[PDB]
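Chemist:
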């Protein structure tokens, strides 16, 4: 049967993911 | 200006002079925008957030609106505690009011700030929605052609909208998702790589849930565009497009069929050999949920020539990918026809399956033993068990199975003995 997406200890974004917050630079 | 002490910023912001206050706010912004270790906690401890929030409403001094919006954006980019400080100062309705600013750079900065707040987690996401952020956000995108918007502006809008789609426990409000989706589907057809990536992320979040949530998305007709983006040359686009496709095939057989009908399986020779290990893993996971489907869906896997690619991944891949491949095989052997299962063996599944029995991992051993059982049940339907038994002995498989007898885990022993008992005795 179908395995829905799982929580691995570090696999939410797992560093290949999207930034949830961003700081604006240049100053 | 440059490198003010926090002490001098506070003096300027405490002056009763709006132009002095502007200079001091710009100085705070520059501190918070430097490359290394912005002094966010120092700025918070100085008590500056309520003044910054007050400046968001200074309509006759648009520069201080911009400078305070930027300063607050950067405080809210930090930890949950730092984001909370910004929310606690009343920033959410003040930023929502700035979305309708006649100054585009100020509206954009407010979009960015609200994205940081929503990106903290589901509670702040839902609070931003309750304050009414969605209508004015979508109004900024209500144009005949997205290409008339500034590229940076459009990218920030897309990213902020994706954070309103993000996170679970709970998922976003159903009515908020319905309200956002039509604009999101337009963004998904826009020709900017960063807009496409963040749109795919949003779709991937929306399809990460119960089948009812998946259906909301599939009904809007996005699957063919997702399959197109599956083949993008940009890894930042392929990664979320694949996640979304993978999420969709966790759904009903009908939802899974939409993915097959749009041509997704033709992309998998490349995905299953992709140099990025995460792509291979997600692609094999996706395959495992498709071989968990109907026999006609297993047959499409066969028709697209994908069983040799599963044999390949079983033979050589990162271990976590090999694991997903084992699952793909057990699912295949569980739901497939006798002829489908026989085809699997002729493709060379047995030796690489037997070699993974050496794994010091209990779960995959159970998964593999299950598939073997399944394959033996097909072979006896054809009355060819010894023939398969021979194949397993010759490649060293029997050695490992009778080794798994001395194994620590309950179910592994029982499975091992029963195999030996019925087919190797």
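Chains as they are written, first to last, in the authors' numbering: chain A, 293 to 319; chain C, 73 to 497. Where a beta carbon is used, it is the ideal one built from N, C-alpha and C, also for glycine.
(1) Taking the Cβ atom as the reference point for each residue, do residue 236 of chain C and residue 197 of chain C lie within a distance shorter than 8 Å?
(2) Report all residues from its chain with a CB closer than 6 Å to the CB of residue 76 of chain C; omit the five preceding and five following residues, and keep chain order.
(3) Any beta carbon of chain C sitting closer than 8 Å to that of residue 293 of chain A?
(4) Tell me the start and end of each unbroken alpha helix (DSSP H) in the segment 413-488 of chain C that is at least 4 residues and wholly inside, in chain order.
(5) For chain E, check one thing: does any of its Cβ atoms lie closer than 8 Å to the Cβ of residue 255 of chain C?
(6) Strictly under 8 Å for the Cβ-Cβ distance: is residue 311 of chain C near chain A by that measure?
(7) Kindly list the residues whose CB is nearer than 7 Å to the CB of residue 399 of chain C, restricted to its own chain and excluding five residues on each side of it in sequence; keep chain order.
(8) Could you give the DSSP three-state label for residue 250 of chain C: helix, strand or coil?
(9) So which residues on chain A does residue 142 of chain C lean against when the C-beta distance must stay under 9 Å?
(10) List, in chain order, every chain A residue whose beta-carbon is nearer than 9 Å to that of residue 474 of chain C.
(11) State the Cα-Cα distance for the pair residue 274 of chain C and residue 452 of chain C, rounded to the nearest angstrom.
(12) Are residue 339 of chain C and residue 302 of chain C touching if we call contact CB-CB under 8 Å?
(13) Spell out a yes or no on whether the segment 405-417 of chain C and the segment 367-374 of chain C are touching, meaning 3 or more CB-CB pairs, one atom from each, closer than 8 Å.
(14) What in chain A is Cβ-close to residue 102 of chain C, meaning under 8 Å?
(15) For residue 141 of chain C, is the classification buried or exposed, using 16 other Cβ atoms within 10 angstroms of its Cβ as the cut-off for buried?
(16) Give me the Cβ distance between residue 319 of chain C and residue 279 of chain C, rounded to the nearest whole Å; I'm assuming they're in contact under 8 Å.
(17) Relative to the alpha-carbon of residue 476 of chain C, which residue among C:489, C:242, C:298 has its alpha-carbon at the smallest distance?
(18) Between the segment 326-344 of chain C and the segment 289-304 of chain C, do at least 3 Cβ pairs fall closer than 8 Å?
(19) Alpha carbons only, please: which of C:219, C:144, C:358, C:212 is nearest the one belonging to residue 293 of chain A?
(20) Please check if any C-beta of chain A sits within less than 8 Å of the C-beta of residue 364 of chain C.
(21) Are the segment 227-235 of chain C and the segment 263-274 of chain C touching, with three or more C-beta to C-beta distances below 8 Å?
(22) Determine the DSSP secondary structure at residue 173 of chain C, reduced to helix, strand or coil.
(23) So which residues of chain A does residue 483 of chain C contact, with C-beta pairs closer than 8 Å?
(24) Where residue 260 of chain C and residue 304 of chain C are concerned, what is the direct C-alpha to C-alpha distance, given to the nearest angstrom?
(25) For residue 447 of chain C versus residue 413 of chain C, is the C-beta spacing smaller than 8 Å?
(26) Is it the case that the Cβ atoms of residue 147 of chain C and residue 154 of chain C are separated by a distance below 8 Å?
(27) So, helix, strand or coil for residue 556 of chain C, using DSSP?
(28) Using a 10 Å radius around the Cβ and a threshold of 16 neighbouring Cβ atoms, would you call residue 478 of chain C buried or exposed?
(29) From this set, C:276, C:113, C:201, which residue's C-alpha is nearest residue 248 of chain C's C-alpha?
(30) Under 8 Å, do residue 416 of chain C and residue 404 of chain C count as touching if we go by C-beta distance?
(31) At a Cβ cut of 8 Å, what residues of the segment 355-379 of chain C count as close to chain A, listed as they run along the chain?
(32) Out of curiosity, what's the CA-to-CA distance linking residue 128 of chain C and residue 193 of chain C?
(33) Hey, quick one: how far does the alpha helix (DSSP H) through residue 95 of chain C stretch, first residue to last?
(34) Is the Cβ of residue 106 of chain C closer than 8 Å to any Cβ of chain A?
(35) Strictly under 8 Å for the Cβ-Cβ distance: is residue 446 of chain C near chain A by that measure?
Modeler: On the basis of the coordinates in this document:
(1) yes
(2) 99
(3) yes
(4) 422-427, 434-453, 457-466, 469-475
(5) In the structure shown, chain E cannot be found, because the protein chains are A and C.
(6) yes
(7) 360, 439
(8) helix
(9) 316, 319
(10) Result: empty, since nearest Cβ-Cβ is about 30 Å, beyond 9 Å.
(11) 48 Å
(12) yes
(13) yes
(14) 319
(15) buried
(16) 4 Å
(17) C:489
(18) yes
(19) C:358
(20) yes
(21) yes
(22) coil
(23) Chain A residues near residue 483 of chain C: none, gap ~18 Å exceeds 8 Å.
(24) 13 Å
(25) yes
(26) yes
(27) Residue 556 of chain C cannot be examined here, being either before or after the span of chain C that is shown, 73 to 497.
(28) exposed
(29) C:201
(30) yes
(31) 357, 360, 361, 364
(32) 24 Å
(33) 90-104
(34) yes
(35) no
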